[PDB]
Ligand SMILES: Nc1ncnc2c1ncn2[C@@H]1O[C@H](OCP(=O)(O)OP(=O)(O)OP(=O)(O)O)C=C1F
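The chain below stands alone and is given in structure tokens; this is the form deposited without the ligand.
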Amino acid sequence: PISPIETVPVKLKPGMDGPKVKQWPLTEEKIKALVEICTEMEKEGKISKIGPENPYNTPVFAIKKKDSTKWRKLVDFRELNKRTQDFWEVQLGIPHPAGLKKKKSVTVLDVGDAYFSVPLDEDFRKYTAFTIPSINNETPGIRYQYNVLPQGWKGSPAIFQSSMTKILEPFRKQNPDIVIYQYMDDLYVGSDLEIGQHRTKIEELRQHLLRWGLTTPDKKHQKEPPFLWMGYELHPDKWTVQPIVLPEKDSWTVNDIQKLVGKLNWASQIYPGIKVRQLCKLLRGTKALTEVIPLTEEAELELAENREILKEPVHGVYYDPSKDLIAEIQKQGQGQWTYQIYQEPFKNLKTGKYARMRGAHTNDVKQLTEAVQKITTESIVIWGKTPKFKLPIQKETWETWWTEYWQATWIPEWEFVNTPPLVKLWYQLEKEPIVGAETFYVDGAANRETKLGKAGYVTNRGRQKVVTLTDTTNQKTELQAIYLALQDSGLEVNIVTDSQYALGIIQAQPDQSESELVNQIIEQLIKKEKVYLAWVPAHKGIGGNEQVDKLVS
């Protein structure tokens, strides 16, 4: 049918007029095909013969489906698209399974000829005018316009979705104890009634759609669980991803490895502890898709763990609105984090995996704070509330970080759980100068053209030293001078610099870096006992600043 529902007013973009593409002349079998379709369509009410005045045209085409002997009508709305208004998003975000409440009763309902069952803005049909050429293109062709929503037009998915929503509305108000999920042109219906009173309202629902143009599958034509969907496999009281098979190959091409990383990432939302770092290092470079990549030791070790975790099947449970959500996070490796959400231990609603790094230098406390946030937003999206957290970090560790760090920060309600590795601060810089500790005044520099570089220091006990660096930047040297002061000093040292740069880096208490130097500066800072870092203005003639400043050039 063609639903009675009001139409949605459509416009074209404001400075624009509708399409006028020329019809490409079509062979004879294609002309015959299009006639056979379009007459059957105007019988159904879907289109209508017009006669020019109508100046508009979108080209037509017929294709063979595609070993069978059936044909199909393709329209190239390419241009009417371009000239049509933007619509609202048909749907932004799709439901995550782990967000679903368990249901007593489930039925899937499937709209038929959905787009063609919905009227097109009468004022707009004129722009849909298309034209079937005559044989060897000699006479005036047959010219139709759409009455319903054309397959492949810009406005159709939005307008259909909208129409299915106004039509479901009165029934939703009346049947609030029942959930309908609209995805594309399907419907999913669940309630906590018994199969009887369920199919009672199911039919009662179909007979509501039917008053409105919408024809559906009856009792005899409804699929049963699992309802594979969108990558998931959905059962009556639990869910999992669709079955994942890791290929078995001797050679791996870049394309074999990208597909694997994906299938793993997908598994990662219900299979705890999946890793992909070692496999991802592999993709770096400028290779083609056909290039075979020899797996590293650590990648194979890693494909191994993954190969095992996936061996036995795992499932996720459904959401019980009357319990708290509990999120558990573990440091799983070098900047890699894994988490689990559950309400009753340890039956997970879902699992997940955090791997980003923020900046060139972070420490675990920072990285852990970023995961909490990431996990928090996610929870808002899937369940509408934030979880109780359980983190591998003492309250005192966190409390010492928050307080002394300059950024504002905050995680919601959490608890320490002893799941090593624990996260700790790896060194504290002193808040005051050390006494009887050798004060190094360090400095570094570089010729912007030569790219030559000197880094050195002068101390108050008369020591000096200045090494040379080849092709280094004015700021690389400044870290070097500090690495320097740290190599050549005892377990306690004051260090003075003019680099706000170096300052900033070190005062952040990094514990990993995208820098070799900074990684070494770090391991030193670890080995020390007290270290006090201090900044001074360059070129003001301050302290021993001027001295070492001369040693370098």
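Heads up: residue numbers just count along the shown sequence, starting at 1.
Beyond what is shown, the protein has a form solved in complex with the ligand; the following relates to that form.
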Practice task
Look at the candidate spot formed by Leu452, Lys476 and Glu546 and say whether the ligand comes within 4.5 Å of a heavy atom in all three of them in the entry with it bound.
Solution key: no
Completion exercise
Per contact check vs the ligand in the entry with it bound (non-hydrogen atom within 4.5 angstroms), the hit among 57-65, 503-511, 516-524, 484-492 is 57-65
Practice task
Sort through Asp256, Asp76, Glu430, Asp110 and report the residue having a heavy atom within 4.5 Å of the ligand in the entry with it bound.
Solution key: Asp110
Practice task
Could you work out which of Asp185, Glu203, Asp121, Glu370 is the residue within 4.5 angstroms of the ligand in the entry with it bound, going by heavy atoms?
Solution key: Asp185
Exercise for the section: Would you please decide whether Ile393 lies within 4.5 angstroms of the ligand in the entry with it bound, comparing each non-hydrogen atom pair? Expected result: no
Exercise for the section: Verify the contact flag for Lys249: yes if a non-hydrogen atom of it lies within 4.5 Å of a non-hydrogen atom of the ligand in the entry with it bound, no if not. Expected result: no
Exercise for the section: Mark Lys219 yes when one of its heavy atoms lies within 4.5 Å of a heavy atom of the ligand in the entry with it bound, and no otherwise. Expected result: yes
Handout entry: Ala114: touches the ligand in the entry with it bound, heavy atom cutoff 4.5 angstroms
Key = yes
Practice task
Give, in sequence order, every residue of 131-153 that has a heavy atom within 4.5 Å of the ligand in the entry with it bound, or say none if there are no such residues.
Solution key: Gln151
